[PDB]
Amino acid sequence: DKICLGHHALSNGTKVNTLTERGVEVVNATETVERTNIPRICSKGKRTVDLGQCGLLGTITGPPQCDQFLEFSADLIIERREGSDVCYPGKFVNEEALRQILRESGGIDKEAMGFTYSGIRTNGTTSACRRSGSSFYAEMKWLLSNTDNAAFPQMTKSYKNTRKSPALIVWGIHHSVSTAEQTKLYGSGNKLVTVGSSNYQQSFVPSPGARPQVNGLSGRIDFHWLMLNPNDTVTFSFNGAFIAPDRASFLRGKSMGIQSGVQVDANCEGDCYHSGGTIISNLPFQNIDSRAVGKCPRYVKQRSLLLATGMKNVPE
């Protein structure tokens, strides 16, 4: 006598939201927000440099913990909490900008500046930089006065960048523990150091005095830097208190840099990284870490947003 039309259904559906309604049940649904983390740095197929105890900025100056990273090459660069940029106490001016440059550099290639010296010492060391006895930053030279209290002659050294890419140049300024110890190392008087490139124009007078003991030492070294363009020339006029560059750095290509406290893993692949690991997902959104980097789903505040993949569930 008859024929009826119907549709499928379940006892229990999956709740989802619509424009009209909160929590309507449907036959099937799927998640749009990724919550699953992988607690490793998934580096399969990538030239990876895990810096460990080397601070990223130390790759340019060369404290002993960075001796194996002086000319690294990389697609992915990993910074660690235990990393240190220095051996002798000190810091970099404009430090975070430089980190950003080096994170995407693809690594660094080094080349001699060509400085030669007359009428001064060039082999200053310290106990804070240990290479089987006292040493110094591998890429730098501690410029001194020939003997104690001896004058430091007003010097002018120059370096032209003869390559096709910009050169990263770093120099330092030593602030001694006292007014006396500055005169001992570089002679008395007001020491000045100046720096002039096509793009750049600055000067540096030192400032000795007592700092708190770091690594057992109360002296400090400022580190400064600039990018020298192709065919541009840079000049250093200095009366003393100057840590001279021995080599210049050039950027190899492209990379990405991350900060992390988890192990490397060459068995998994990923392009979205955070300090807790890797987000492997094709979902458009994620609720794991708003500071994740690489190629990532968009961060959202919601833990879950279910997309209906079935009709409305209308049970018996």
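Note that residue numbering begins at 1 and tracks the sequence as displayed.
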property	result
Between 188 to 196 and 79 to 87 (mean CA B-factor, as deposited), the higher	188 to 196
Higher-scoring stretch by recorded Cα B factor average, 156 to 164 or 90 to 98	156 to 164
Residue with maximal Cα B-factor (values as given in the PDB entry) among 169, 108, 150, 140	150
C-alpha B-factor winner, where the candidates are 239, 135, 218, 73	239
Within-chain third of residue 11 by Cα B-factor, per the entry	highest
Third of chain Cα B-factors occupied by residue 103	lowest
